[PDB]
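Engineer: Protein chains in written order, with the authors' numbering: chain K, 6 to 117; chain V, 10 to 139; chain R, 16 to 206. Idealized CB from N, CA, C, for every residue including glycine. Starting off with a structure, shown below.
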Amino acid sequence: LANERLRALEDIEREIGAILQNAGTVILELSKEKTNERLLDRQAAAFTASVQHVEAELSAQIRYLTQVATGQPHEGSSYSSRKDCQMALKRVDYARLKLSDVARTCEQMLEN
Amino acid sequence: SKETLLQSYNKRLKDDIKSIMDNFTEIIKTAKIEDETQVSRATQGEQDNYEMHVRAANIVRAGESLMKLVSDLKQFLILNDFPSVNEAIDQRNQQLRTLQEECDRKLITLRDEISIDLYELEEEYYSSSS
Amino acid sequence: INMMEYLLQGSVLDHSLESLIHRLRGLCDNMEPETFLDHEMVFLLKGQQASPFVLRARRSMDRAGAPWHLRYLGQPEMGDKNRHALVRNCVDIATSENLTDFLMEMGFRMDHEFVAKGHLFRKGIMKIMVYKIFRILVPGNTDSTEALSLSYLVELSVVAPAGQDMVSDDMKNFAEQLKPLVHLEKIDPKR
């Protein structure tokens, strides 16, 4: 349930990661001393793997929505139990008020 | 309907993916350094700087479009997800019933205690000569 | 007066039943499921005419204090008023707990038995019922049961007086609400 939200925000992270690493590659391929060519291959692989797994996740999510969509408003709800609980709370409050009143009249009789 | 919206989402995703990939491939297309001929060096240098600038702008726009698509998907799933909705419904109900039961128990015990004392008070009062 | 029954039927594989149940909970009225469990018998009376008389008798094994139920269903109508569901003439009776003896003494003979187990839903005047059929052998006992197939059966039913147009249309709309999962059609009882 919440896993869906978590994966979506992780995908947000990977989006900005792909932009960052692409900027890094194009930092490297302007400097005269582009020595870390193994690590240039590393950053190219980062570009590659990032783009594919992002597109993979979104395509899978669209398929999942294509199996769960029906176009109706879903008319369940939870109102009755909430009314019942509110009733019970105000019943207890009534009780607390009457108890305090009795308390004060006994309090004033005990004191002469 | 719902098929049109989902196929529109698919179209947007594939369009943006091919757009960013094509843009990077064209960036590497102009990236070959060669010898010039009848091209007036400074002119194409300036306009290729211009082209890579506008293409980086296109890359940023592509990232922003992906962010918008992610937000729209997040809105869509929560609103029409039958399974997710049911779980919330079955938990809210259970919590509310537990609270109701506790309140009822407290009231019943209070009533019994007050009755006992109430019984004692009447007996004590009703048997005095005043 | 006389009543009529409109019917639509389908089936679903049992490894995807949870999604169908969730969808039906989301579409039907705000009422919890029932999970019925019933025994069923079929009686046949063979007279002079070619077509024998047939009656169905049900009993509830789950709730004690429920009367027996008879049912008689006639031949489907070939009239071209409603063409998207099975339309039949039905008579249903609630009966006391000595039905088998009286039916046997009239002249009926039992033919076969089965046990059905499933869930029930209501939407307006529409009845959804999704159940699995068992098999009874050694007819004296009701605990010798084996499953018949690998799928559950789904029924959409509406019972109403004669006439009463624009009902099959609403049944069609409700069936199309479930199209990606179950495909419901009018099907004749013959093969």
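Going by the C-beta, is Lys138 of chain R closer than 7 Å to any heavy atom of the ligand MN?
Structural biologist: For the ligand MN, the structure offers nothing, since it holds no ligand at all.
Engineer: Which residues bound the alpha helix (DSSP H) around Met125 of chain R?
Structural biologist: First-last for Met125 of chain R: 124-138, but that is the beta strand (DSSP E), not the alpha helix (DSSP H).
Engineer: Just to confirm, are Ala175 of chain R and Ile148 of chain R a CB contact at a threshold of 8 Å?
Structural biologist: No, the Cβ-Cβ distance between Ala175 of chain R and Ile148 of chain R is not below 8 Å.
Engineer: List the residues of chain V whose Cβ lies closer than 7 Å to the Cβ of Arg87 of chain K, in chain order.
Structural biologist: Chain V residues near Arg87 of chain K: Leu105.
Engineer: Go ahead and label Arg109 of chain K buried or exposed: buried means 16 or more other beta carbons lie within 10 angstroms of its beta carbon, across all protein chains shown.
Structural biologist: Its Cβ having fewer than 16 others within 10 Å, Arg109 of chain K is exposed.
Engineer: On the DSSP bridge assignment, give the partners of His54 of chain R in chain order.
Structural biologist: Answer is R:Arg74, R:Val130, bridged to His54 of chain R.
Engineer: Locate the alpha helix (DSSP H) running through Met144 of chain R, then write down its first and last residues.
Structural biologist: It is not in any alpha helix (DSSP H) - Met144 of chain R instead sits in the beta strand (DSSP E) that spans 141-151.
Engineer: Does DSSP classify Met76 of chain V as helix, strand or coil?
Structural biologist: DSSP places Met76 of chain V in helix when its eight states are reduced to three.
Engineer: Between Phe136 of chain R and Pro48 of chain R, how many whole angstroms is the CB-CB distance? I'm expecting something under 8 Å.
Structural biologist: 7 Å between Cβ atoms; contact.
Engineer: Since I believe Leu88 of chain R is in contact with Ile108 of chain R (beta carbons under 8 Å), could you give me their beta-carbon distance rounded to a whole number of angstroms?
Structural biologist: At roughly 13 Å, the Cβ-Cβ gap does not stay under 8 Å, so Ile108 of chain R and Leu88 of chain R are not in contact.
Engineer: Determine the burial state of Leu75 of chain V: buried for a count of at least 16 other Cβ atoms within 10 Å of its Cβ, exposed for fewer.
Structural biologist: It is buried - the Cβ of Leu75 of chain V has at least 16 other Cβ atoms within 10 Å.
Engineer: Please report how far the alpha carbon of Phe123 of chain R lies from the alpha carbon of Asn188 of chain R, in whole angstroms.
Structural biologist: Spanning the two alpha carbons is a distance of roughly 41 Å.
Engineer: Using the beta-carbon count (16 or more within 10 Å), is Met186 of chain R buried or exposed?
Structural biologist: It counts as buried.
Engineer: Could you check which residue in K:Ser83, K:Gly81, K:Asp46, K:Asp89 has the C-alpha nearest to that of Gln109 of chain V?
Structural biologist: Among K:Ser83, K:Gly81, K:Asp46, K:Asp89, the Cα nearest to that of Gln109 of chain V is on K:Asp89.
Engineer: With contact counted as at least three CB pairs below 8 Å, one residue from each stretch, are the segment 47-57 of chain V and the segment 33-47 of chain K in contact?
Structural biologist: These segments do not touch.
Engineer: Which term fits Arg98 of chain R, buried or exposed, when burial requires 16 or more other beta carbons within 10 angstroms of its beta carbon?
Structural biologist: With fewer than 16 other Cβ atoms within 10 Å, it is exposed.
Engineer: With DSSP as the reference, please indicate the residues paired to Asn104 of chain R in a beta bridge.
Structural biologist: Bridge partners of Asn104 of chain R: R:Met19.
Engineer: What are the complete alpha helix (DSSP H) segments, minimum 4 residues, inside the segment 18-57 of chain K?
Structural biologist: Counting whole runs of 4 or more residues, the segment 18-57 of chain K contains no alpha helix (DSSP H) stretch at all.
Engineer: Relative to the alpha-carbon of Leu94 of chain K, which residue among V:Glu111, V:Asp99, V:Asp81, V:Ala97 has its alpha-carbon at the smallest distance?
Structural biologist: Checked all of V:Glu111, V:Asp99, V:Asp81, V:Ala97; the closest Cα to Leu94 of chain K is V:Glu111.
Engineer: Short of 8 Å in beta carbon distance, which residues of its chain neighbour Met19 of chain R, apart from the five on each side in sequence? Order them along the chain.
Structural biologist: Hits under 8 Å: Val102, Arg103, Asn104, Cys105, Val174, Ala175, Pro176, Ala177, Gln179.
Engineer: Within the same chain, show all residues whose beta-carbon is closer than 8 Å to that of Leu25 of chain K, passing over the 5 residues directly before and after it, in chain order.
Structural biologist: Hits under 8 Å: none found.
Engineer: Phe91 of chain V and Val73 of chain K - do their beta-carbons sit closer together than 8 Å?
Structural biologist: In contact: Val73 of chain K and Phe91 of chain V (Cβ atoms closer than 8 Å).
Engineer: Go through its chain and collect everything with a Cβ distance to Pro91 of chain R's Cβ below 8 Å, but skip five positions before and after it.
Structural biologist: So the qualifying residues of the chain are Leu101, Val102, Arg103, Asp203, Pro204.
Engineer: Among K:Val107, K:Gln113, K:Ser85, which has the Cα closest to the Cα of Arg106 of chain V?
Structural biologist: Closest by alpha carbon: K:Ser85.
Engineer: For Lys142 of chain R, which residues of its own chain have a beta-carbon under 6 Å away from its beta-carbon, when the five flanking residues on both sides are left out?
Structural biologist: Answer for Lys142 of chain R: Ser172, listed in chain order.
Engineer: Measuring only between beta-carbons, confirm whether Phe85 of chain V sits less than 8 Å from chain R.
Structural biologist: Chain R contact via Cβ: absent.
Engineer: Using the three-state DSSP reduction, which class does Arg98 of chain R fall into: helix, strand or coil?
Structural biologist: Reduced to three states, the DSSP call for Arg98 of chain R is coil.
Engineer: Going along chain V, which residues have a C-beta under 9 Å from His37 of chain R?
Structural biologist: Within 9 Å Cβ-Cβ: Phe91, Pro92, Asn95.
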